[PDB]
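Student: In PDB author numbering, the protein residues as written are 9 to 353. Starting off with a structure, shown below.
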Ligand SMILES: CN(c1ccccc1)c1ccc2c(c1)CCC[C@H]2CNc1cnccc1C(=O)O
Ligand code: NI
Ligand SMILES: [Zn+2]
């Protein structure tokens, strides 16, 4: 993938069943270079029979997304509103006040998002704990992907909501997610259960540092008081700004029934087209371990997610454990490289 453009894959039912193995495969195809890949599941697979019995699902902490700024540079402040059900949410989303404007191509809707994101602030039903997968679905179950990320819970005994457990997100037109990589520069998996699309921007990991330098240059204050301020998930930057400042990036639109995968150190941002629900969690591979050792963490809030790397270094890099404990392991990540489990392909 030497254009490092976002790739789309259409696995057969038989490639689909082994999760970590399909991640290994898409990386043998270079999919990680772009930091984001789409995986369209085989036509007959479905995580759940239907979605008409969730109207009474509670969204404990929904957020109103106030955005402030100009000239394609913005800050998103996420204001916690009272508890509300899926029904109350859908009805707000589908109301004349919040529903999707007229468009006849993505590009038009993109211009409206960037022209209108600081007006009429939407509500996003984000960070809801739960899965919408039926108890019995065994393929790509966000609730139990069975990757090595599982050592945190199984060996360290630590539960981190949204990271090693699943989150649901109820979107409405113009709800957004700011530029970030995942906690600890993990992978993530994102499945759009139903509703209108979700659009994504990605920066290849091999160019992530340029995006940090851009953002640092634009938010010098933010940058002095924290080493990884983008991890606050409050910074929006338009594709025109990226283009203007020579930041390589791609876009893709995710439709209902499709997975998106983000890769370690893959910066992304994006917005929902209308009423929808996505499910997400983080996951790892062998390659991730080094990103975990090297990830640059929020130096400013007492609350942020940090995973102790010891369990992974003892198990998988036993030979380097003391070097590492001794600040002396200094491997350099080559972002172009597939995870070792890719060797078979
Ligand atoms: C600001 N913030 C905060 C973090 C720590 C402590 C206090 C606040 C925070 C944290 C998380 C989020 C938001 C805001 C804004 C809405 C969305 C989610 C991110 N959503 C995605 C991420 N990657 C990919 C896709 C999506 C998506 O929406 O589909
Ligand atoms: Ni993310
Ligand atoms: Zn911080």
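Beta carbons: idealized from backbone N, C-alpha and C, even for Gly.
Nearest to residue 124 by CA position, among 137, 86, 141 and 79, is which residue?
Tutor: Within the chain shown, residue 124 is the residue found at index 116, counting from 1. It is 79.
Student: Whole angstroms are fine: how far does the CA of residue 219 sit from the CA of residue 251?
Tutor: Here the question's residue 251 lines up with position 243 in the chain shown. Here the question's residue 219 lines up with position 211 in the chain shown. If I take the Cα positions, the gap works out to 11 angstroms.
Student: Which ranges would you report for the alpha helix (DSSP H) in the segment 101 to 167 if only whole runs of at least 4 residues count?
Tutor: As far as the segment 101 to 167 is concerned, its whole alpha helix (DSSP H) runs of at least 4 residues are 114 to 124 and 159 to 162.
Student: For ligand 3, is there a heavy atom less than 7 angstroms away from the beta-carbon of residue 237?
Tutor: Against the chain shown, residue 237 aligns to sequence position 229. Yes.
Student: Is any non-hydrogen atom of ligand 2 found closer than 7 angstroms to the C-beta of residue 196, if you look at the structure I gave you?
Tutor: Along the chain shown, read from residue 1 onward, the residue named residue 196 stands at position 188. Yes, the beta carbon of residue 196 sits closer than 7 angstroms to at least one heavy atom of ligand 2.
Student: Tell me whether residue 286, by its Cβ, gets closer than 7 angstroms to a heavy atom of ligand 1.
Tutor: Taking the first residue of the chain shown as 1, we reach residue 286 at position 278. Result yes, Cβ under 7 angstroms from ligand 1.
Student: When burial is assigned at 16 or more other CB atoms within 10 Å of the CB, is residue 290 buried or exposed?
Tutor: Within the chain shown, numbered from 1, the residue matching residue 290 stands at position 282. With 16 or more Cβ atoms within 10 Å of its Cβ, residue 290 is classed as buried.
Student: In this structure, does DSSP put residue 84 in helix, strand or coil?
Tutor: By one-based count along the chain shown, residue 84 stands at place 76. DSSP places residue 84 in strand when its eight states are reduced to three.
Student: In this structure, does DSSP put residue 311 in helix, strand or coil?
Tutor: For the purposes of this step, residue 311 is taken as the residue at position 303 of the chain shown. Looking at residue 311 - three-state DSSP - the assignment turns out to be coil, as it is neither helix nor strand.
Student: Measuring CB atoms only, is the segment 104 to 119 touching the segment 47 to 56, in the sense that at least three cross pairs come out at less than 8 angstroms?
Tutor: Flag = no, the segment 104 to 119 and the segment 47 to 56 do not touch.
Student: Suppose the cutoff is 6 angstroms on Cβ atoms and the five residues either side in sequence are ignored; what does the same chain contact list for residue 350 look like?
Tutor: Reading the chain shown from its first residue, position 342 is the one you call residue 350. These residues qualify, in order along the chain: 32, 35 and 36.
Student: Between the C-alpha atoms of residue 174 and residue 18, what's the straight-line distance to the nearest angstrom?
Tutor: Along the chain shown, one-based indexing puts residue 174 at 166. Along the chain shown, one-based indexing puts residue 18 at 10. About 24 angstroms.
Student: Between residue 234 and residue 285, is the Cβ-Cβ spacing less than 8 angstroms?
Tutor: The residue labelled residue 234 in the question sits at position 226 within the chain shown. The residue labelled residue 285 in the question sits at position 277 within the chain shown. Not closer than 8 angstroms, so no.
Student: Would you mind listing the beta strand (DSSP E) stretches within the segment 159 to 212 that are 3+ residues and don't spill past its ends, in chain order?
Tutor: Segments of the beta strand (DSSP E) lying fully in the segment 159 to 212: 175 to 179, 184 to 188, 195 to 203 and 206 to 211.
Student: How many angstroms separate the CA atom of residue 64 from the CA atom of residue 224?
Tutor: Along the chain shown, read from residue 1 onward, the residue named residue 64 stands at position 56. Along the chain shown, read from residue 1 onward, the residue named residue 224 stands at position 216. Their Cα atoms are separated by approximately 43 angstroms.
Student: According to DSSP, is residue 43 part of a helix, a strand, or is it coil?
Tutor: Working through the chain shown from its first residue, we reach residue 43 at position 35. It is coil, neither helix nor strand.
Student: Relative to ligand 5, is the shortest distance from any of its heavy atoms to the C-beta of residue 281 smaller than 7 angstroms?
Tutor: For ligand 5, the structure offers nothing, since it holds only ligand 1, ligand 2 and ligand 3.
Student: Scan the segment 261 to 321 and note each continuous alpha helix (DSSP H) run of 4 residues or more that stays entirely inside, going in chain order.
Tutor: Complete alpha helix (DSSP H) runs here, min 4: 296 to 302.
Student: Let me know the secondary structure DSSP gives residue 67 once reduced to three states.
Tutor: For the purposes of this step, residue 67 is taken as the residue at position 59 of the chain shown. Residue 67: strand per DSSP, three-state reduction.
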